Each structure stands twice: as structure tokens, then as C-alpha cells.
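1. Below is the sequence, then the experimental coordinates.
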Amino acid sequence: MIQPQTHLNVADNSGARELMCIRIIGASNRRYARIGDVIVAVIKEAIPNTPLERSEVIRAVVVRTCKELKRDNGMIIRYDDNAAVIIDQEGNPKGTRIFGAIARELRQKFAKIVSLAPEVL
Amino acid sequence: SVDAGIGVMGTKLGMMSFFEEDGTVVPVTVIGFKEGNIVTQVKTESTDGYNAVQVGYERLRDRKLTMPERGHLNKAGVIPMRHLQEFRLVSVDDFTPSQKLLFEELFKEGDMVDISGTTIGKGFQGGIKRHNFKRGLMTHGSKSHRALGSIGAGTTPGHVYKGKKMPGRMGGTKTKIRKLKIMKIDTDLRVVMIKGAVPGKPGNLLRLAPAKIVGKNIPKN
Amino acid sequence: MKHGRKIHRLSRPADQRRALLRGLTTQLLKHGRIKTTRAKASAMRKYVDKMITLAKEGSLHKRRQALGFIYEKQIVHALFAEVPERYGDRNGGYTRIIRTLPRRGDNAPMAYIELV
Amino acid sequence: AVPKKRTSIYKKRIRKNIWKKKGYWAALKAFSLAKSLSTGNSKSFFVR
Amino acid sequence: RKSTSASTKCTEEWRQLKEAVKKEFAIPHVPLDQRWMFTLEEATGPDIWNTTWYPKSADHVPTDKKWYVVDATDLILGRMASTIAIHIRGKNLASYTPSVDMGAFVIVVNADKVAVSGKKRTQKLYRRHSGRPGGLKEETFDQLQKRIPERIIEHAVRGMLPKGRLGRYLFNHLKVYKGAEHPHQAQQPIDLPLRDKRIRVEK
RNA sequence: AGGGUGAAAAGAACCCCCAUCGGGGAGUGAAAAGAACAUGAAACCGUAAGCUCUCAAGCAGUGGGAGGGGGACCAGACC
RNA sequence: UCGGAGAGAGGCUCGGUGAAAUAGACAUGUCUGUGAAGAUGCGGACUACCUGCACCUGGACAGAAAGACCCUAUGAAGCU
RNA sequence: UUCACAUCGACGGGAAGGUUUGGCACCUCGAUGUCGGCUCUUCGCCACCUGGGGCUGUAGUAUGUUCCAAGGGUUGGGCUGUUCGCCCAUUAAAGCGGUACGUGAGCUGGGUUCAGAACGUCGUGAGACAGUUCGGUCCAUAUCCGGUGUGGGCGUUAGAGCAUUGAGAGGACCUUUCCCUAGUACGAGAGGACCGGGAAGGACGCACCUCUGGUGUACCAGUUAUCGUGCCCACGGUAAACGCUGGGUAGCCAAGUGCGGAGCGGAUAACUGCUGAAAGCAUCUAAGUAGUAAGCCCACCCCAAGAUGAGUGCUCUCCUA
RNA sequence: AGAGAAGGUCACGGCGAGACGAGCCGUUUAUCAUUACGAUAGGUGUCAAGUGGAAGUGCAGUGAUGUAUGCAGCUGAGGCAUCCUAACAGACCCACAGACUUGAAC
Ligand SMILES: [Mg+2]
Ligand SMILES: [Mg+2]
Ligand SMILES: [Mg+2]
Ligand SMILES: [Mg+2]
Ligand SMILES: [Mg+2]
Ligand SMILES: [Mg+2]
Ligand SMILES: [Mg+2]
Ligand SMILES: [Mg+2]
Ligand SMILES: [Mg+2]
Ligand SMILES: [Mg+2]
Ligand SMILES: [Mg+2]
Ligand SMILES: [Mg+2]
Ligand SMILES: [Mg+2]
Ligand SMILES: [Mg+2]
Ligand SMILES: [Mg+2]
Ligand SMILES: [Mg+2]
Ligand SMILES: [Mg+2]
Ligand SMILES: [Mg+2]
Ligand SMILES: [Mg+2]
Ligand SMILES: [Mg+2]
Ligand SMILES: [Mg+2]
Ligand SMILES: [Mg+2]
Ligand SMILES: [Mg+2]
Ligand SMILES: [Mg+2]
Ligand SMILES: [Mg+2]
Ligand SMILES: [Mg+2]
Ligand SMILES: [Mg+2]
Ligand SMILES: [Mg+2]
Ligand SMILES: [Mg+2]
Ligand SMILES: [Mg+2]
Ligand SMILES: [Mg+2]
Ligand SMILES: [Mg+2]
Ligand SMILES: [Mg+2]
Ligand SMILES: [Mg+2]
Ligand SMILES: [Mg+2]
Ligand SMILES: [Mg+2]
Ligand SMILES: [Mg+2]
Ligand SMILES: [Mg+2]
Ligand SMILES: [Mg+2]
Ligand SMILES: [Mg+2]
Ligand SMILES: [Mg+2]
Ligand SMILES: [Mg+2]
Ligand SMILES: [Mg+2]
Ligand SMILES: [Mg+2]
Ligand SMILES: [Mg+2]
Ligand SMILES: [Mg+2]
Ligand SMILES: [Mg+2]
Ligand SMILES: [Mg+2]
Ligand SMILES: [Mg+2]
Ligand SMILES: [Mg+2]
Ligand SMILES: [Mg+2]
Ligand SMILES: [Mg+2]
Ligand SMILES: [Mg+2]
Ligand SMILES: [Mg+2]
Ligand SMILES: [Mg+2]
Ligand SMILES: [Mg+2]
Ligand SMILES: [Mg+2]
Ligand SMILES: [Mg+2]
Ligand SMILES: [Mg+2]
Ligand SMILES: [Mg+2]
Ligand SMILES: [Mg+2]
Ligand SMILES: [Mg+2]
Ligand SMILES: [Mg+2]
Ligand SMILES: [Mg+2]
Ligand SMILES: [Mg+2]
Ligand SMILES: [Mg+2]
Ligand SMILES: [Mg+2]
Ligand SMILES: [Mg+2]
Ligand SMILES: [Mg+2]
Ligand SMILES: [Mg+2]
Ligand SMILES: [Mg+2]
Ligand SMILES: [Mg+2]
Ligand SMILES: [Mg+2]
Ligand SMILES: [Mg+2]
Ligand SMILES: [Mg+2]
Ligand SMILES: [Mg+2]
Ligand SMILES: [Mg+2]
Ligand SMILES: [Mg+2]
Ligand SMILES: [Mg+2]
Ligand SMILES: [Mg+2]
Ligand SMILES: [Mg+2]
Ligand SMILES: [Mg+2]
Ligand SMILES: [Mg+2]
Ligand SMILES: [Mg+2]
Ligand SMILES: [Mg+2]
Ligand SMILES: [Mg+2]
Ligand SMILES: [Mg+2]
Ligand SMILES: [Mg+2]
Ligand SMILES: [Mg+2]
Ligand SMILES: [Mg+2]
Ligand SMILES: [Mg+2]
Ligand SMILES: [Mg+2]
Ligand SMILES: [Mg+2]
Ligand SMILES: [Mg+2]
Ligand SMILES: [Mg+2]
Ligand SMILES: [Mg+2]
Ligand SMILES: [Mg+2]
Ligand SMILES: [Mg+2]
Ligand SMILES: [Mg+2]
């Protein structure tokens, strides 16, 4: 349930420490980013001397919410923080290595991302 | 509003969860039945002007029914019943007064139904709750909050419009929920499980018809 | 709204309504019959029966639970004496409510609640 | 908001008659109640 | 419950006495059919010759009135509706009075064969308005005539009847049917006289 | 700001309703004029009897008057 | 965002007591037209059984007297 | 490039509208008051998107211009007293107008720069400013109409109880990507379709509580201070309308769960047409017809015979003297 | 005029119905013996559910405290049973075979 002005942690190498979400995309006029949605964020805090400068406008996909994802098993999933992964407009992650768990719900639109994951839920 | 096929009536027993082999959980309303669903009366185009069949539903003690009504069900040769309803068909040849309906013969699995019932009465409700009015500002100076807003324009027209949305009574009405699906029929308990919500709390009275699809089940106009 | 909210409010806030009911039941157990408003009566049923059903068992536990409801000890002990005698066979339903002429001052409907 | 005019005699008589009709229903309750206490058979009721 | 107690008995009896004596001395009613200037009785009465004649209750009584039938097939809407209005109103009787109903009943049959000149079939526009804004509805004459064709002639005659109490009460005297058959045979309808030349259209 | 029961307080014994006030009889008086008392208009509040209103749009009247009722002596009139 | 539920004091019903500003008379629809140029009251259509109660505030150029703004007065006063 | 009329259209002309800046002073002065936002509508069409078309300097994709079309839609922020406007990120698109700034007896900022004060400037001066700056009180129990609901009376030609027809009225019929068709037509390539199928979304509507929860002063547990119950134990009161916290069933609720938007139905606008005269040729039109729109009307969903035109149906009841 | 038609209102017990009216359900609570219809509310008994391990008495410990008895104790606005209380007593409205005409039938 990411929405504009929400702050996020980044899940990969890409050298952004923190993102502020400004827009949800592809959802038409929706206000809610949930897992698997592309958001336009900006960089707030960066990891120094990295290809990414703060105050950059970038795309990222939301891989973790504190809201709850519902599969068809009746299974539910809730993380402790919000996080996204910074991508290209191709679906390829800019940074090459991902932290944290992800879901099998991303397997359709993003292959790379499920691949680089340390754990899958 | 000619109705496709005969429907039956039933009682809403409340909802539970229902698994499928692949572990898909569908929430289902469980619709029970009671002694009834008996054809009461039949109305011919000649006699009544149109074609319809009146089914009775709930059984009842004899005393509780009034003399006119009791006489109405004595003409049929049927047991005393609480609720009567009418279904409106295009062809009534298959039905004779006193005939009985079985919901197991009118409804298979994977079939589409339509559930009419009465809604929960929420009483007398404000503009917010009844029409989804946005509420005004809670804090900087503002005295409005849950209030209705302005109700019209200025000197002209100089009166409020008809139908202009206002607080009044909400709920408690005949509602129809189109295109539902029947997950499982239990013969032992004579119950039907339907995917999703139907109106009203348990102990309600429902009407199930086979779904009216505006292209293919109904007269064109 | 309220659907299925079953409690008797008696037009008092929670604290006062509790204390009211404690009071009224110590009165009922002390005098055996009393005159109140129909609302107060209908509300008071439940707690009367709670005390009676309580004293039918008699354990130090139960007795402590009654002492912490009723105001006057003496009445509680009297209960734990009398009840096994007087109510032993009655399975529930220990109160009669016999309604009367309304009150002159406000026209509040009155009633007589009896320990049966 | 005030009364732009003064209410006409007859309309006022109709509104007050409406308020007087509640007396009619009260008199019916009272009568029925009297005929109930006038048999001395009611165990739900008590008078002193 | 009709009380047969001596009281109500008595009262009814007495009232028929009052009525009897009031009937005997009252001036008789002489209907208007070859009604000659005066009966030796009226001659003792009020002055009805030097004042304008106004109809009394015995006259206009509903049960008397003529009935007429208009076959509306190949008639022209308006021109017929004027005739109809005249007869319903009573303007063709010597006894006509503006304040009273002296008129006839008129039965219009074949209300779907009524004819209209020029492009009106597709042009003429029947509008009616909900009373909400944006609440305007419009039909062409033809949509109407396929849907509920009686309303066309009712709507054309009601226009030419007076407006106001007498107007509406008059409007109930117009009985319209779409088929060629009317269930009024008991009332013995006469045919309607039409003195207009242009009222009959020929194709 | 608050005047005028009657000629005279003769200001109502006695009985009834009855905790008092208040009342109804009886008695006083030319009259009840009964003490909030002398003539007692209007607004305003009602009660009874006659006709009449619940498909109706209206500064409420007016000319025409259906039907119904009432007191007449110029009963063809008036209300 | 985008509202939700709850508790109290009112609101609501019943009994007791019981105001006020307001008020030519009011038998007090809508559209359009007209008109001192934004009409319940004039015209034409249209719509409307009688009458309550709870709510809402678009209208009645709603209500609370001199319009603080502008001008007038051979007005008033304070000040330079 | 040729070519006035794909698209522009100079010099001039003829209009409509009444939204800009104005002229007038018919209007109200007592307390008939301007611009922005909030809430809440509603209407117009000169059409921003969505539906159908003609022409193109239209290969395709995408345009350009124009025709019919107002059913629906028309985001969220940084910035301003602002109309205006600028930008950021989106989007199918982020239309322009009317309604006394539409809306102040619904809400709130400025504005009528009210009285305090300061700056610049003008004035000897008191003071002044279509200069700037900080501070600065609008009340309201709804009589009538209008409205949203919800009753009673009476009518409906004997009185009732049920079940319905549907005149009329409303709600809703919205939209985006993606995938087959097919990397097929089209084009040298780069690019890349019409038409018709399939899924997922958005907004909106109708319900609902199985799951995930919110509240839950019904309840359960911890726990601080303190006064009660004779004292320990254990409970009760108070710490407003929970002392403070941690949970919570039923209800109510959404962020949760379902479902909806169907029509080889009818008639049209633009347009495309077929037979075909008046003018032995031609012509979509004069006769007569054929396709065709998110528009119009039925169908869908609720209401509905006070529909006084008061409907139809089934049954019941009308005793005694 | 007696009586009280069918039905209605009131009363009485209620509600997932409700501002009030309105709506809906009840009003002796069955019999059964093979279906179902005769439990409205409260109480009582049991069940789901919540909370999370009662008091008392034992043991361990210098003690705060832990541990056993015990899915305990409290609660149970939800179900299902059972007439134990209250649905007692009752009251009011209400019964011109449906004015008049005309055809048709007999
Ligand atoms: Mg029934
Ligand atoms: Mg409710
Ligand atoms: Mg808001
Ligand atoms: Mg506030
Ligand atoms: Mg109170
Ligand atoms: Mg407290
Ligand atoms: Mg309990
Ligand atoms: Mg005396
Ligand atoms: Mg005393
Ligand atoms: Mg005395
Ligand atoms: Mg005397
Ligand atoms: Mg004397
Ligand atoms: Mg006097
Ligand atoms: Mg009418
Ligand atoms: Mg009438
Ligand atoms: Mg009138
Ligand atoms: Mg709330
Ligand atoms: Mg509250
Ligand atoms: Mg107070
Ligand atoms: Mg009161
Ligand atoms: Mg006064
Ligand atoms: Mg009126
Ligand atoms: Mg003019
Ligand atoms: Mg006008
Ligand atoms: Mg008018
Ligand atoms: Mg007039
Ligand atoms: Mg005139
Ligand atoms: Mg208003
Ligand atoms: Mg208000
Ligand atoms: Mg007006
Ligand atoms: Mg006026
Ligand atoms: Mg001068
Ligand atoms: Mg001077
Ligand atoms: Mg040209
Ligand atoms: Mg002037
Ligand atoms: Mg004013
Ligand atoms: Mg256009
Ligand atoms: Mg287009
Ligand atoms: Mg084009
Ligand atoms: Mg090209
Ligand atoms: Mg449009
Ligand atoms: Mg529109
Ligand atoms: Mg629009
Ligand atoms: Mg598009
Ligand atoms: Mg505005
Ligand atoms: Mg606008
Ligand atoms: Mg206003
Ligand atoms: Mg300021
Ligand atoms: Mg100077
Ligand atoms: Mg300050
Ligand atoms: Mg009022
Ligand atoms: Mg009103
Ligand atoms: Mg009404
Ligand atoms: Mg009614
Ligand atoms: Mg009636
Ligand atoms: Mg009737
Ligand atoms: Mg229906
Ligand atoms: Mg219809
Ligand atoms: Mg109507
Ligand atoms: Mg419609
Ligand atoms: Mg459609
Ligand atoms: Mg190719
Ligand atoms: Mg397609
Ligand atoms: Mg969808
Ligand atoms: Mg839930
Ligand atoms: Mg639940
Ligand atoms: Mg909680
Ligand atoms: Mg909950
Ligand atoms: Mg002590
Ligand atoms: Mg405590
Ligand atoms: Mg204390
Ligand atoms: Mg204190
Ligand atoms: Mg307190
Ligand atoms: Mg808590
Ligand atoms: Mg949903
Ligand atoms: Mg065509
Ligand atoms: Mg062509
Ligand atoms: Mg030719
Ligand atoms: Mg040709
Ligand atoms: Mg043609
Ligand atoms: Mg078509
Ligand atoms: Mg279409
Ligand atoms: Mg479509
Ligand atoms: Mg009817
Ligand atoms: Mg009639
Ligand atoms: Mg009876
Ligand atoms: Mg009732
Ligand atoms: Mg009740
Ligand atoms: Mg009884
Ligand atoms: Mg029970
Ligand atoms: Mg129960
Ligand atoms: Mg223990
Ligand atoms: Mg404890
Ligand atoms: Mg030890
Ligand atoms: Mg448990
Ligand atoms: Mg039993
Ligand atoms: Mg009993
Ligand atoms: Mg007859
Ligand atoms: Mg006869």
C-alpha cells in the first residue's frame, strides 16, 4: 500500500539507500502500489560514489509491503518494511543482486528479479 | 421482467469457506431449504392477461394463516404456507397446481443463478454513508464535517431539484445479485452452496432464479 | 445502529450502570420484593439470576465472586444459606415481574420485581 | 429562520387538533386497562 | 350496522314525510322535448321567460346522454378532434351552458388508423417532462402510434377541451379504443355527424 | 400603575361534592348584582345547530347559480 | 489519502412546566413568457388526493436599524 | 515541387454569441454585497478523450482538417489573493463555458486595504496612496415553498387478506493496457495494421463478513497510586464519558470478499448504398428500400394503480330478532 | 336495537425492523408413531468462540517468585436443547347482499 510520499528501502545493489514514491503506473488512476506494481520514485538517500545520484527520478517495482498479499491457497504474506527494486523500462533490474525474500507472484512479469532472489515465498 | 425458468425460494444460513482440490478457497453462502417450494397457482394469458406461476414456500401452523389465505391454499390442495411468490414465464404448460419443485432437478453444478432478497436495514442514514459524499475539512477553521454541503444553485433556479440526494432511510429492500455460481449441492442436508455473498443476514428469505441473460434467455424486447 | 447489541443501558454510562445494578440486586435479596421502573427491572433480571446460580454451587470461589458483586456481606451469607433450600429444584428463572400503575411525577412505567 | 408570516386561524386549528388526537389514543389505552383491572383476574398487573 | 330501533325507523319515516310534502307542492319538471312555452303550473312559479334559462339538476343527468362513435380510420387528426371537442362540450345543443355538462360521450374506434398530413408522421413531436432537470423526453408521432396509439387522440382532444374542473371532468367522457371494436354496445351509440369537407382524406 | 356589589352587607345559616380553594342547592335582595361582583365593544379563545370541502392551483371577491336548508305575508319574494 | 467504530451531552418518544425574534391578509406548485428590465399571486402550458412527523437548507430580492462604502446638507464634531 | 480551395489564406466584406475590457444608469440601498478553495449539483456545445464517418500533400503506425455525437470521463502534487499562468510525474484525456465568486439562514481564505503600527513617497501641516508590510468578531430554534425519507385520514360504489400487470419515474448501460489473429497485410527497409476473439486492470455501482483486519466503555488478562471490605489472602471503588496498557466474540465497517455493465433487439444523425424518374444521359431521392453510431427507444435493476384513467387475479365474510 | 362478520387496531414478549409511527415475528407453549410445521424474549443446561492457566491447598526457594492439582478459571451480544419466569387479563373499530340506467340471456 505504497502511495505518494511513502518512503521505501531498496532491495538491491543499485546504490540507492532510500526511495520516495511519487507515482503509480499502469494502474490507470489507482492510488495504491501493491506487490508487483511499477512506481516512479525519486532517490532520497544514496550510497556514496555510486552511479546513482540523489534527487534522481527512477522506476522501481514494489517487492515488499507491510500490507498483506493474498494467494489463492488462502495463504497470506506480510513483511516488516516496504521495499522496491530499481529497474529499467525493460523489466531488467539496474542493480545486479537482490536482498530479502520475494513472492512467486512476480514470476509472470519479472523473471530476473525472482532469479536473483535469496529466498522465494 | 419475464424470468428465465422457474426459481425456488430458500433461506440464507450464512457463509463458510470451501476448499477445492487444488487448494483454492472459495467463500460460499449456504442456502438451506424448508418444507415448501410447492406450486400454488397458475395464471394463463387468457384468464390473467399473462403467464405466471405462483409458488408457496414456508410451512406454517394453520391458525396463524388468515381465512382468505387458507381458502386460497385449500383450492390448491396444498399445505399452509407463509410466503407466496410469482415467477413470470413465457410458457406455462409444465405446471399444475399442487405440483412440487425439487431444487435438485432445476439446478445442476456450475450453473448460473440470480439471488433476490431483502437487504440489511441500516436505518436512517446520512449523506456520507448513503451516497459516498466526501466529508469536508475536519480542522482548519471548518465547521462543516459530515454535513451535506450546498444543496443547489443560487437565485436561479431558486429551488432544489427533484431526486437531489439526501439523508433518508438506507437498506431494507429487494435487491438482486446477478450471475452467481453454484459450487456444491448436498443431498443429505438438502442445501446449496453458492460462491460469494447474498443479501440479508441468516434467516432471510431468498429467491433463486436461473440467471437472466439479456441476449439469450429472454424475449428480445 | 445496533443490530444484536444486547445490553440494557438504563440511560447511564457504564460505571454508574454497573453500580446501579449491584445496588438494586442487594436490595432485592435483602427485601425479597421491590418497586422500580420497568426498564430497571428487565435489566436487573440477569444479575439476580447470576447471584442465585452462583450460590447454588457454594464453593469458596463462587462465594468470593458474589462478595465482589453484592455490597453487603450479610446478604451474601444469607443467600448461601437459604438458596439450596428454597431454589434447589428450580432450574433457572428466579424472578417474577409484575407491572403496575405508572409513576405520578414523570409518568415513568413502574413495576414490581419479586424474588420467586 | 423566522416565520415570514403569521399562521392563519384555520390551519393552526388543524395542527392543534392533530395534537389533540393523541388524547384519543390515550383514552383508548386507559379504557382497556380499566376493563382489565375491573375483572381482578390479571396476575401480571397489580394495584394497591 | 343498520339499527332497526324505533328511533331510526321513526327518523326515516319522517324524512319521507318531509320529502313527500316538498315534492307535492314543488313545480314539476318538464324535460326539453317538444316542450311548449309553459305548463299551467310553471305559470304560478318564478319568471323563467324573462331571464336566461339555466339548466336544473334533472337535465344534465349522466344517464341520459347521447353516445357517439367515431371511426377514426382515414380521418385527419385535428379536424376530427375539433368536432369531437364540440360534441363533448355541448356547443351543438340549444341548451348549451358554459358552466354545466350538457355534452355527449364520444367513442373513438380504430385509433391507429388516424391519418395526418405531410411529414408529420415523422416530424410532430410529443414531449413530456419528468420534473427533474435534464428530464425531457421526446417521441415522434410514429413511435407513439406503434407503442400506445390511444394517447395520440386523447392528447389531441384534451388540448381543445376547457382547462380546469369542468375541463377534466369533461375529459372523462372521451372513450378511446385502438381496435375496430368497443365494448359499449349496451349504450347504443349513434354515429357522429361531421359537417367538415376536408375531414376525410383520400389516397 | 391599580376608581364605580347593593338603597342597606342584608357579604350567603343549613345540606351536598368536600384536605382547602371552588362549586351546586337553600336563604337575603327589585335584580345574583356573589365579592376577580355596575353598562361590557373589538381583537382573541371556544361550544352547539344549518349547508359544505379530501383530482385540487387560489389578494379569495364578484356577475351567473346547480343541489340543500330556514324564518314569511304581498307566498314569483327575502335569508 | 479515506474514512471507520465506540463513550458521554443534546437530537428523537412519553409525562411536567413552557419562551423568543417574526408577522398587511394569505386558499402560499414547476417551466417558460411578461412586467420597474430575476413572479406562488399576470399569460400559456405542465405537474399536483388531504394532512402529519424527522431530517436538508436552493428560494421567499428570508430575519436582526440608517449603508460602514458613494453623493447630498450653505448639517455636527475632532484635528491642522 | 505542378496545383488558389490537403493545409494555410494577405487586402477587404457579412454575421452570430453575450464568457473579456467597456458604454448606459432601467434596478436595490436599511441588513438586494466582489475573486479562490471545500462540499454538492446541474445545464450548453464552439468535442480534450472515448463511439461512428468524409477529405488528405492518407503506403503502414501515427497525424492534419472537417462531419454527426454532450451517454460517460476529464488525475495527483510544487508555486499564487488571484482570473491568468508556470512547472513536476502521470494519463485514454487531464475541454471551454452558464448557473448572483453556481453554492456565506451549508463551510473557509482573501476582499469593502475599519480602528494599532512601520517603510517608501506626496504634503509646512493635520494626514494621504487602486504603493508595500505585520495584526485584526458574523450571528441563526425552518413559518411557507422546494427537497430526502416515513406515517395517518379519506378515496378506490359492500367490507376485507393475499398475489401481481406496469402508465409514469429513477439507477445503471463507462474505460485502459496486454495476448491470439500475425511479425500477417503495407513498405526497399525501418517499422506494422483494420475486422473479430481472449484475459487481466481502473473508476463507479450493488451487496456482504468466510478469510485479513479496525473498533468493540458485552467480556478476559497484566499493572501503578490509593481508599474500602476487621487484618493476611482475595476481591470491590476511584483515577471524567475505560487509570494506563495487551488481546477480543456478535455487531457495524474496509484496506477484506463477491458480483455487475448483456442484446444478428427497434428506429435514426452523419455517411456509405441499391433499384430510379423529373430534365430519352446522369443522379443514394422525388416512389420504394439496404447497411450503420459510447447517441435515441425497448430489454437490464429498484419503485410504482392517489395511473382519481384509483387496473386484473384468487379466496373470505355478510349474523339475530 | 341486541350481538360482535371476514379483517383491523390496541394490549402483552420481542427483533438481524425502527427517530417516531410503520414492518416482521410471537402470545400456552403440541402431539408425533416415519421427516420438517407448536420456544417470542429472559433464565438454566450443554456447544462454538475469546482470554491464557483461577481461588484454595500442596511441594521448591532466605526471598521476590516458580511448579503440580487443571485446554484451568472467568466470559460466552453466537448456536442447540429444556416451559423455570413473562407472553396474564383482555379492550376498541367493524357485518343497507351492495343507489340509479341500459342492453344481453332465460
Ligand atoms: Mg403474510
Ligand atoms: Mg436495522
Ligand atoms: Mg476529502
Ligand atoms: Mg469541529
Ligand atoms: Mg434524558
Ligand atoms: Mg471510572
Ligand atoms: Mg449468561
Ligand atoms: Mg354557596
Ligand atoms: Mg392535608
Ligand atoms: Mg367553600
Ligand atoms: Mg336561590
Ligand atoms: Mg326573595
Ligand atoms: Mg361588568
Ligand atoms: Mg387528474
Ligand atoms: Mg371532489
Ligand atoms: Mg382549489
Ligand atoms: Mg460514526
Ligand atoms: Mg455515539
Ligand atoms: Mg443538560
Ligand atoms: Mg414534552
Ligand atoms: Mg410576542
Ligand atoms: Mg394549496
Ligand atoms: Mg422585458
Ligand atoms: Mg420570469
Ligand atoms: Mg403562474
Ligand atoms: Mg388569480
Ligand atoms: Mg386575466
Ligand atoms: Mg432556505
Ligand atoms: Mg442546517
Ligand atoms: Mg420561485
Ligand atoms: Mg411576494
Ligand atoms: Mg448648498
Ligand atoms: Mg455650516
Ligand atoms: Mg471559397
Ligand atoms: Mg434611478
Ligand atoms: Mg434581508
Ligand atoms: Mg457540434
Ligand atoms: Mg472520434
Ligand atoms: Mg477522420
Ligand atoms: Mg505517411
Ligand atoms: Mg459526450
Ligand atoms: Mg449529460
Ligand atoms: Mg461533461
Ligand atoms: Mg485510446
Ligand atoms: Mg468557484
Ligand atoms: Mg461548472
Ligand atoms: Mg445562500
Ligand atoms: Mg489582511
Ligand atoms: Mg516632508
Ligand atoms: Mg497574533
Ligand atoms: Mg413546518
Ligand atoms: Mg414540505
Ligand atoms: Mg405521503
Ligand atoms: Mg398513504
Ligand atoms: Mg381505505
Ligand atoms: Mg374504503
Ligand atoms: Mg412487481
Ligand atoms: Mg415502462
Ligand atoms: Mg404522478
Ligand atoms: Mg428508462
Ligand atoms: Mg447497452
Ligand atoms: Mg510480411
Ligand atoms: Mg477488439
Ligand atoms: Mg471488470
Ligand atoms: Mg470479518
Ligand atoms: Mg463472524
Ligand atoms: Mg483492538
Ligand atoms: Mg470484529
Ligand atoms: Mg480499614
Ligand atoms: Mg480495580
Ligand atoms: Mg470511593
Ligand atoms: Mg476528581
Ligand atoms: Mg463517573
Ligand atoms: Mg483496550
Ligand atoms: Mg471489490
Ligand atoms: Mg436509414
Ligand atoms: Mg457516396
Ligand atoms: Mg436511367
Ligand atoms: Mg446509380
Ligand atoms: Mg423517399
Ligand atoms: Mg440497427
Ligand atoms: Mg448503440
Ligand atoms: Mg459496449
Ligand atoms: Mg387498488
Ligand atoms: Mg371514474
Ligand atoms: Mg372478529
Ligand atoms: Mg400497527
Ligand atoms: Mg410491541
Ligand atoms: Mg391471551
Ligand atoms: Mg430462549
Ligand atoms: Mg433466541
Ligand atoms: Mg493456582
Ligand atoms: Mg484476576
Ligand atoms: Mg519455604
Ligand atoms: Mg478455547
Ligand atoms: Mg417442549
Ligand atoms: Mg407463566
Ligand atoms: Mg347489483
Ligand atoms: Mg333500481
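-> Received it, and whenever you're ready, just let me know what you need. Numbers count the residues shown, from 1 in each chain, chains lettered A, B, ... in the order given. Ligands and ions are numbered 1, 2, ... in the order given.

2. Any idea how many residues pack against residue A:90?
-> Neighbourhood size, residue A:90 [other C-beta atoms under 10 Å in any protein chain shown]: 7. Yep, even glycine has a C-beta here, placed from its N, CA and C like the rest.

3. What separation do you get for it and residue A:33?
-> 20 Å (C-beta to C-beta, to the nearest Å).

4. what residue is smack in the middle of the chain?
-> Defaulting to chain A. Most central in chain A under C-alpha atoms, centre = their mean is residue A:84, positioned 1.9 Å from the mean C-alpha point.

5. Can you look at chain D instead?
-> For chain D, counting by C-alpha atoms, centre = their mean, the most central residue is residue D:23, which lies 2.0 Å from the centre.

6. and chain B, which of its residues are near chain C?
-> Chain B comes close to chain C at residues B:120, B:122, B:123, B:201, as judged by C-beta under 8 Å from any C-beta of the partner chain.

7. tally of neighbours for whatever residue of chain B ends up closest to chain A?
-> Going by C-beta to the nearest C-beta, chain A is nearest to residue B:25 of chain B, at 4.2 Å. Applying other C-beta under 10 Å, we find 15 residues neighbouring residue B:25.

8. My understanding was that residue C:37 contacts residue C:105; is that so?
-> No. Counting by C-beta atoms under 8 Å, residue C:37 stays clear of residue C:105, with 11.6 Å between them.

9. tell me the phi and psi of the residue nearest to the centre of chain A?
-> Recorded main-chain torsions at residue A:84 are phi -130, psi 170, according to degrees, to the nearest 10.

10. Which residues are in contact with it?
-> Contact criterion C-beta atoms under 8 Å, 6 or more residues apart in numbering or on different chains gives A:2, A:8, A:10-11, A:19, A:21, A:39, A:41, A:60-64 as the residues in contact with residue A:84.

11. mind running it again at 10 Å?
-> Residue A:84 is in contact with A:2, A:6, A:8-12, A:16, A:19, A:21, A:33, A:35, A:37-39, A:41, A:58-65, counting by C-beta atoms under 10 Å, 6 or more residues apart in numbering or on different chains.

12. And residue A:55, by the same measure?
-> Applying C-beta under 10 Å, 6+ apart, we find residue A:55 in contact with A:42, A:43, A:44, A:46.

13. Could you rerun that using 8 Å?
-> Contact analysis of residue A:55 by C-beta under 8 Å, 6+ apart lists A:42, A:43.

14. Helices of chain E, start to end?
-> Assigned by DSSP state H, the helices in chain E fall at E:6-25, E:57-60, E:77-89, E:120-123, E:141-147, E:150-158, E:165-171.

15. no wait, chain C
-> Secondary structure of chain C, counting by DSSP H: helices at C:14-31, C:38-57, C:60-67, C:73-86.

16. what do you get for chain A?
-> The residue ranges that make up the helices of chain A, judged by DSSP H, are A:111-116.

17. re the thing from before, of all the helices of chain C, which gets the most neighbours per residue?
-> Taking mean count of other C-beta atoms under 10 Å in any protein chain shown as the contact definition, the stretch among the helices of chain C with the greatest mean neighbour count is helix C:38-57, which reaches a mean of 18.

18. Give me the phi and psi for the residue nearest to the centre of chain D.
-> As for residue D:23, its main-chain torsions (degrees, to the nearest 10) stand at phi -70, psi -30.
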